[PDB]
Amino acid sequence: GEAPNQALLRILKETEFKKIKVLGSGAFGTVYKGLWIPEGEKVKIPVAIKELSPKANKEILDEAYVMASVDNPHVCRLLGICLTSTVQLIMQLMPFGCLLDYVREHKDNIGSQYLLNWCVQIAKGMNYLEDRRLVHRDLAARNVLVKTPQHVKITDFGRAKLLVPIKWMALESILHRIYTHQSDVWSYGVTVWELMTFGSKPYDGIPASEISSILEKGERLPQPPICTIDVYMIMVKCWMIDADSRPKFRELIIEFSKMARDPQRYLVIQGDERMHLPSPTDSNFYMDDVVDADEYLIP
Ligand SMILES: CO[C@H]1CCN(c2nccc(Nc3cc4c(cn3)nc([C@@H](C)O)n4[C@@H](C)C(F)(F)F)n2)C[C@H]1F
């Protein structure tokens, strides 16, 4: 019926990696910036290490299962796990952090080209997850990470399933707990709104229990000031009541790619194209034998 999942789960020794500093901390545990120095390979790989009760152990292994099973340039994969007293997930270091914080902090240097290219990349990553029959269930700008300003990836498979974030959820999901690739499209629309408003909070000040009612009446997130009607119409289509009436991720790739070819026709930003963001062709952008996880293949 379903294809065998032949993904390899790499078990890493504690001695092969070192923690440098804390990147983030929450109820889940803590995420560290680190370096992975495998076997006798002559490589140093920058990594994010998530360090974690037997039920929270099952939750991290379920996320590890999904994360080890993906392989796409716009999705974050699991590099390996370490089985210590506490289970650790070894992931790629995304040095610019999450896209949500990035748009808030670099707003004055974010042009239309970057915003539209990020929409294309997220749609590509989501289309890949759809090809793998994976429903994300938690797509949001907080769960899109920045490898470089020109390269983003979807992460956080903590809610991902085969075949709660109320303000990012489709109406069928809030009311009936129905999740499909089309409910991920709704979240995609909310994520694009977060990018276009440079990280505004959706339905700010409105309690989560009031969202279902507000959506049923037909209220939607407002048109961001930089968006032309062309961009907003796309967002609005992601928020149709009929799931099948919403665009598909494959069509979202096409639509945002056409717009990314003439970005100033679709997003109106003051001082656009005179804006500068770090690129791997900059002084001290990037230390001996350091290799990015994307260039380090198999054991
Ligand atoms: C709740 O766990 C999440 C944590 C983020 N995850 C993730 N997936 C793949 C790569 C990756 N690397 C990654 C994550 C990073 C990072 C650099 N690289 N810098 C930050 C801070 C400064 O913003 N973070 C956040 C999201 C946090 F600290 F929370 F992790 N991080 C996916 C899940 F493990």
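Sequence positions in the sequence shown follow the authors' numbering and run 696 to 747, 752 to 862, 876 to 998, 1007 to 1019.
Ideal Cβ placement from N, Cα and C applies to all residues, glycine included.
Three-state class that DSSP yields for residue i in the structure shown
{"i": "residue 871", "result": "Coordinates for residue 871 are absent, as the chain skips straight from 862 to 876."}
{"i": "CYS939", "result": "strand"}
{"i": "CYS818", "result": "helix"}
{"i": "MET790", "result": "strand"}
{"i": "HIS893", "result": "helix"}
{"i": "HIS888", "result": "helix"}
{"i": "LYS949", "result": "helix"}
{"i": "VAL1011", "result": "coil"}
{"i": "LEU979", "result": "strand"}
{"i": "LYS913", "result": "coil"}
{"i": "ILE706", "result": "strand"}
{"i": "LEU989", "result": "coil"}
Bridge partner(s) assigned by DSSP for residue i
{"i": "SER720", "result": "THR725"}
{"i": "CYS797", "result": "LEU844"}
{"i": "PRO741", "result": "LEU730"}
{"i": "residue 866", "result": "Within the chain, the sequence of modelled residues goes 862 then 876, so residue 866 has no position in this structure."}
{"i": "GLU746", "result": "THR725 and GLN787"}
{"i": "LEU964", "result": "According to DSSP, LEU964 bridges with nothing at all."}
{"i": "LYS852", "result": "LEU844"}
{"i": "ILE878", "result": "None; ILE878 has no bridge partner."}
{"i": "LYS860", "result": "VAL834"}
{"i": "residue 1068", "result": "The first residue shown for the chain is 696 and the last is 1019, placing residue 1068 beyond what the model contains."}
Environment of residue i [buried if 16+ CB atoms lie within 10 Å]
{"i": "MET971", "result": "buried"}
{"i": "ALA882", "result": "buried"}
{"i": "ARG977", "result": "exposed"}
{"i": "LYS846", "result": "buried"}
{"i": "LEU798", "result": "buried"}
{"i": "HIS988", "result": "exposed"}
{"i": "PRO959", "result": "buried"}
Assumed close pair residue i, residue j - CB separation to whole angstroms, cut-off 8 angstroms
{"i": "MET825", "j": "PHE961", "result": "5 angstroms"}
{"i": "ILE780", "j": "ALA755", "result": "Not really, about 15 angstroms apart at Cβ, beyond 8 angstroms."}
{"i": "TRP951", "j": "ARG973", "result": "25 angstroms between Cβ atoms; not a contact."}
Residue i CB to nearest heavy atom of ligand 2 below 7 angstroms
{"i": "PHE723", "result": "With respect to small molecules bound, the structure shown includes ligand 1 and not ligand 2."}
Taking 8 angstroms as the threshold, find out whether the stretch 827 to 838 comes into contact with the stretch 896 to 915 through three or more Cβ pairs.
yes
Spell out a yes or no on whether the stretch 936 to 949 and the stretch 901 to 914 are touching, meaning 3 or more CB-CB pairs, one atom from each, closer than 8 angstroms.
yes
Contact between the stretch 760 to 780 and the stretch 853 to 862 is defined here as three or more beta-carbon pairs at a separation below 8 angstroms; is this criterion met?
yes
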